[PDB]
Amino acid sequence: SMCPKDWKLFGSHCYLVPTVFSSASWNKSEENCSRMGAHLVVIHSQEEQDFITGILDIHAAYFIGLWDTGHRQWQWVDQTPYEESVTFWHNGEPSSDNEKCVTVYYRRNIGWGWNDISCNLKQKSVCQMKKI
């Protein structure tokens, strides 16, 4: 139908956690999403943050398609506008101008939130594409 097999529908998009694809760098995660005709997730709303985290394992951290093009100059992989006022950074994040890639992970007794980390650290990931 609107989404490929095992992809999950929310809004105009289809989402997948590539499970078998072993942990990888941010670039290799993006490259794997694009092999499926998808991108790392672009999280524009509370609804999208809530939906995407709804399909993740609380014991794992996941690359999202947000990266720092300069000095806290955050850009989505699809180049759609970054709005600092509709973000989900954990308390104390972002933390370091040396951390240029973004992960989403669960903090005990807090919930899901973004963390800036090294682009070279291997993490799980989640992909999105438009439906049909």
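Numbers for residues come from their place in the sequence shown, where the first is 1.
Stretches 69-77 and 23-31 differ in mean CA B factor, with 23-31 having the higher one. Stretches compared: 104-112, 14-22. Higher mean C-alpha B-factor in the entry: 14-22. Looking at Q46, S85, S95, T53, the one whose CA carries the top B-factor in the deposited record is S85. When all modelled residues of the chain are sorted by CA temperature factor, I58 is found within the highest third.
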